[PDB]
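These are the residues of each chain, in order.
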Amino acid sequence: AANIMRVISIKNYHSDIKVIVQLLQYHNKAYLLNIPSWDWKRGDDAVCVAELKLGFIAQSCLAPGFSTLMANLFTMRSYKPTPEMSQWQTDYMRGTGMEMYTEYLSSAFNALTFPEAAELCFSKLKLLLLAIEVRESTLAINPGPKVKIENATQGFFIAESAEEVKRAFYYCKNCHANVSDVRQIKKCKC
Amino acid sequence: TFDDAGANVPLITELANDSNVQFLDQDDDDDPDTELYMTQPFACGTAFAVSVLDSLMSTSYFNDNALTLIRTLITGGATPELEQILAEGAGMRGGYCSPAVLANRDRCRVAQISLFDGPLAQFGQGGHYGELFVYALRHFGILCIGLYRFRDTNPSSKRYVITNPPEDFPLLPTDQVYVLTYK
Amino acid sequence: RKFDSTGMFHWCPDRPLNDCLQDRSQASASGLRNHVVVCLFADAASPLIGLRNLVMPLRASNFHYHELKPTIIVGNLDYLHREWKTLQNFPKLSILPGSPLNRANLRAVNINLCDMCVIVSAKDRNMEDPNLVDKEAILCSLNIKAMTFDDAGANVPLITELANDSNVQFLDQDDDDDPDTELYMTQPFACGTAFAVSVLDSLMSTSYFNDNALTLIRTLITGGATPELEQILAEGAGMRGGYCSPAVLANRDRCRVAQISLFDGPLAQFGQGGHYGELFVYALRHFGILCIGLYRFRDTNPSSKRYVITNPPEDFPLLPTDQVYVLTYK
């Protein structure tokens, strides 16, 4: 209730501020959805920790460890080995070294299907593409062969840094197509 | 214990205070200096705690679309239209549906699959994660995002989770794969 | 028809609350239009606010029964049971039990068709720092204002009681306000949307300076609660009523506060660019209608908000959109 007041006060003072609010309860959300200038299409949002918690653990009922898989993608964490770690710890921690990142696909991806774009990202760029922004416009996850990539598509990636996903922006189907030392990929002449 | 068991029951437990995770398990080999995300019960997917959600505030701000993606997966598809329909206070209005809306039943789903048998088991027999990845996407549209592997490969049923393995990462027929799928 | 024993109010023999209680289907089935909605916020144990003081004016006997505004109260049922003993004598009254925030209730109540929605709270007026105290009323106001309806929204007429005056800044948008403004200058108060108990404080001082002025305000705002009625209620028997003698029933010719439009009818000639004094002299002379102020759109050049002008000058201009506060005998 106190945090709703705030958002009321902030929006009353100026409607066009992007407001992000933490909610401890789900049932409270419906109140702030009724605020006259609350607009998620404008980027306003509510982080309902109760809704999120129960969603994360409910996915674990569908796929046992998924809450851990998914929680690690959404916090900044550096990979930092030390030699006393077992195999499974060094593996697990490499997994924790991931975050999810967002970047625009280069023009070289244009008119591929999402399947070929994912194959190309994984095989050549060493990037795990999993979703794309489709033109209103909307997110789509693992979309089927019918969906073509289009110019300036935003892609959603799992990677160790923002520095990694850049490769998807710079890739060139002439200038980089055989650059096996992937860290060498940069602004193309072609 | 049970008739024709015990620690083989799959559990997930929410914790209010993170450091209590040390009590949740035995054969643990832990140290209380470990932060939650490195602890064996969290790495096995048995623990969960609200503290791991805290960077949802910051990630919310740095890329709004990422916060929509996590919601579209973890909720199973609670779109803002549903949030509005619930905010009318009438309860969750439903019934039969038109084919035009019912088409959305082809959403992508999070699923888990085993390399022990079926067409992928050939990769579980000492192949690599990239071979599996390229094959499964190409033949089924199944997109692989990580592995779930026994901690005791040499013993317990605990398994740890490996987000996004390297292309040349080895496989066992005991491995299970986290995947995104349409069927 | 039947009245309180002093003639002053319309009246009904006693009712169990279950005669006036309705569910959403019953409320939606009822043809509620041009009615009054009371959004009541209460906990079951919270203090009795005396809603009689709300209903009783809206049942003055100098209204005819066919023009009595129907009334529906949306609120906590257990609270309303302990209020009910005071209300049960009043006709055309009903209850929908539940939260006022649950839009459904508001739609089942035809909130979009009411002549006035009242937002009122029995919650503890000191329970937190003042920024939280009115949150129930503020959220309810914004909620109703944000709705939409089939063949709307901010066109719903509202009045909201506030426990803390400075919360009025949250009550409205397109506001152009400054927090340095005192309540009486704020747009929501000047429009008649806000009200707060602080504006009653000078009733102490005015009480002392001219007792008769305090009787005048009571005779208008109560609709005619004379000290004979106060005594009859103080006997604790409940509000005794029935049929009346013509000798007491004559008091149904009281003067009433009314509001009238210059958009059409015999006065519209003055609304077409005349002056308030021309209207005043004409209306008194032909109808005994005495004019005390205007209600005018703020956005004459846009919103339905209208501001109030007490006692305009003789040469004050008029618009056909103006509405006039008047005192009348019919």
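Note: the structure precedes this text.
Asks: Got a sec to walk through the pairing of strand 12 (residues 323–328) of chain C? Specific residues and values, please.
Replies: Summarising the sheet, strand 9 (residues 256–261) of chain C and strand 12 of chain C pair through six bridges and their orientation is antiparallel. The residue of strand 12 of chain C that forms the bridge with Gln-259 of chain C is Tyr-325 of chain C.

Asks: Summarise the interface of chain C and chain B; cite the residues concerned and give the values.
Replies: Residue-level contacts link five residues of chain C with four residues of chain B. Taken together, both faces of the contact between chain C and chain B bury some 290 Å²; the carbon and sulfur share is 26%. It is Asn-102, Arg-103 and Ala-104 of chain C that lose the most area in chain C upon contact with chain B, and together they represent 83% of the buried surface on that side. Scanning the region where chain C abuts chain B turns up two salt bridges.

Asks: Requested: an account of the packing of helix 3 (residues 49–62) of chain A against helix 4 (residues 66–73) of chain A, with residues and values cited.
Replies: All names here are of chain A. One way to put it is that helix 3 packs onto helix 4 with a least axis distance of 7 Å and a crossing angle of 135°. With respect to helix 4, the element helix 3 is oriented oblique. On helix 4, the residues touching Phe-56, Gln-59 and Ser-60 of helix 3 are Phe-66, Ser-67, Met-70 and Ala-71.

Asks: Break down a negative patch on the surface for me, citing the residues and quoting the values.
Replies: All names here are of chain B. Together, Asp-29, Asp-30, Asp-31, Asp-33 and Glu-35 line one region of the surface with negative charge. The residue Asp-29 is located in the loop between strand 1 (13–15) and helix 1 (40–43) in this model. Assessed through its relative accessible area of 79%, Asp-29 is described here as exposed.

Asks: Lay out the sheet that holds strand 6 (residues 158–162) of chain C with the relevant residues and their values.
Replies: Residue and element names in this part refer to chain C. Pairing in this open sheet of six strands is parallel, and the strands run 4-3-2-5-6-7 from one edge to the other. Two strands close off the open sheet at either side, each with one partner strand: strand 4 (93–97) and strand 7 (194–196). For this sheet, the mean inter-axis angle between neighbouring strands, taken without regard to orientation, is 20°. Contacts from helix 3 (residues 77–87) reach strand 2 (36–41), strand 3 (71–75) and strand 4 within the one sheet, and its direction differs from that of strand 4 by about 170°.

Asks: With reference to specific residues and values, describe the nonpolar core.
Replies: Ranked by internal contacts, the top residues of the largest apolar core, which has 89 residues, are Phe-56, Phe-66, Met-70 and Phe-109 of chain A together with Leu-69 and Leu-180 of chain B. Element by element, the count of residues in this core is highest for helix 6 (residues 114–125) of chain A, at seven residues. Excluding anything up to four places from it in sequence, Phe-56 of chain A contacts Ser-67, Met-70 and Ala-71 of chain A together with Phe-48, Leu-53, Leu-56, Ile-70 and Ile-74 of chain B. With 40 residues, the next largest nonpolar core counts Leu-32, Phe-41, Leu-101 and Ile-111 of chain C among its residues.

Asks: Help me get a handle on the packing of aromatic side chains, residues and values and all.
Replies: Within the structure shown, the criterion is met by 14 aromatic pairs over all chains. Plain terms: the ring middles of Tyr-208 of chain C and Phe-209 of chain C are 5.2 Å apart, the flat faces sit at 75° to each other, and that makes the pair edge-to-face. Across the pair, exposure class does not vary: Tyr-208 of chain C and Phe-209 of chain C are exposed alike. For the ring pair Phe-270 of chain C and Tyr-282 of chain C, a centre distance of 5.1 Å and an interplane angle of 45° mean the geometry is tilted. Note that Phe-270 of chain C is positioned in helix 12 (residues 268–271) and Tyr-282 of chain C in helix 13 (residues 276–287), a separation of twelve residues in sequence. Residue class for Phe-270 of chain C comes out buried when judged on its relative accessible area of 11%. Given the relative accessible area of 23%, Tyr-282 of chain C is considered partly exposed. Through successive ring pairs, a cluster of aromatic residues spans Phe-122 of chain A together with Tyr-129 and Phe-133 of chain B. Between the NZ or CZ atom of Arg-159 of chain B and the centre of the ring of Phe-150 of chain B, over which it lies, the distance is 3.5 Å.

What counts and how
- Residues numbered from 1 in each chain as written, not as in the entry; some residues may be left out.
- Chains lettered and ligands numbered in written order.
- Part of a larger assembly, values for the part shown.
- Heavy atoms only, no water.
- Residues with missing side-chain atoms left out of burial classes, pairs and counts.
- Pairing = 2+ DSSP bridges.
- Helix = DSSP H or I, 4+ residues; strand = E, 2+ residues; numbered from the N terminus.
- Contact = heavy atoms within 4.5 Å.
- Buried area = accessible area lost by both parts, 1.4 Å probe.
- Salt bridge = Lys/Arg side-chain N within 4 Å of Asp/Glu carboxyl O.
- Axes fitted to C-alpha atoms, helices over the stretch in contact; angles between N-to-C directions.
- Parallel < 35°, antiparallel > 145°, perpendicular 65-115°, else oblique.
- Patch = residues over 30% accessible without salt bridge, like charges linked within 9 Å, V, L, I, M, F, W, Y side chains within 5 Å.
- Areas by Shrake-Rupley, 256 points an atom, 1.4 Å probe, with all protein chains shown as cover.
- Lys, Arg positive; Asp, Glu negative; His and termini not counted.
- Charge placed at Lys NZ, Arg CZ, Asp CG, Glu CD.
- Buried < 20%, exposed > 50% of the residue type's maximum accessible area, 1.4 Å probe, protein only.
- Core = buried A, V, L, I, M, F, W, Y, C linked by side-chain atoms within 4.5 Å.
- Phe/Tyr/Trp six-rings, centres within 6.5 Å; stacked < 30°, edge-to-face > 60°.
- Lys NZ or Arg CZ within 6 Å of the ring centre and 35° of its normal.

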